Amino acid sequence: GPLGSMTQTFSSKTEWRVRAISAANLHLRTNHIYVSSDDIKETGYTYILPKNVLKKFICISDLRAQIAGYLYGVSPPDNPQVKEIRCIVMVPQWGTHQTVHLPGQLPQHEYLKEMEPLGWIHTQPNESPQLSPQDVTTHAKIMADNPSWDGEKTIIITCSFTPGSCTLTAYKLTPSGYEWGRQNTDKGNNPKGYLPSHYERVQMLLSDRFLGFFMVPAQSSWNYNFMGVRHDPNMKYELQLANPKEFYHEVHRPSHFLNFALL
């Protein structure tokens, strides 16, 4: 029963610092990257993700907030059933642990015009058996706004953090799933109408035989999780040929530096 006599004083213990410390060890997980192989019948397209940009993508991410990248690629000369992933494009974004917020404007750059869009890739805090209803809605809406996204040809790669590693699994939307996601407005974890017949496992392979590359915003950086107010679904942006800075880099959180100086 102490008021004033046994006094104690609160010292702040801010959260992003612990997440920054743990993000500095992300590189450990890139030596243990597992693709789930539960797909069968080698039926559809086969997607080859180059290891070099996969590992960079993991290293620039956060263990809690999702990040996302647009996939661009091409078929090998005489193998139309294989889609090679040649480029990962990082656009201005923010995210939570369940979803990602991207602009409406898809990537637009001369270097990309000979490639075809193959979907997107996003980190995830935990493995899940099913594809997310958030993912199904996001893919669906991009598809309804952008006819260059063929539903038979664009995929979602989930990169799920397991303790010790990452697991990669690749899905695509079905026609049922497109039609559902594009009219869906419930952002919760179990919206009305959602179904496992809305998506389908596609086969995925990690390769060391060629290298991919990144494109990133021209005038800003990609990470707006510290500037969510300066982010906008309508925001426009250009691109340049360059490798993304990691999640907690100084240019993503300038207020921390300018506000520590004004202390």
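Whichever C-alpha set is largest while still superposing within 1.5 Å between the two forms counts as the rigid core. Start at 1 and count along the sequence shown; that's the residue number.
Farther on average from this form in 7 other deposited structures of this protein lies stretch 36 to 44, the comparison being between 60 to 68 and 36 to 44 by RMS Cα distance after core superposition.
Relative to its counterpart among 233 to 241 and 29 to 37, 29 to 37 has the higher mean temperature factor, C-alpha atoms as listed in the PDB entry. Checked against the record, the higher mean CA B factor of 82 to 90 and 187 to 195 lies with 187 to 195.
As recorded in the entry, 130 carries the highest CA temperature factor of 130, 154, 124, 148. The PDB entry assigns the greatest CA B-factor among 104, 73, 95, 163 to 163.
In the PDB entry, a CA B factor belonging to the middle third of its chain's modelled residues is recorded for residue 253. Compared with the other modelled residues of the chain, the Cα B-factor recorded for residue 45 ranks in the highest third. In the deposited entry, the Cα temperature factor of residue 202 places it in the highest third of its chain's modelled residues. Looking at the C-alpha B-factors along this chain, the one for residue 221 belongs to the middle third. Sort the modelled residues of the chain by CA B factor and residue 63 lands in the middle third.
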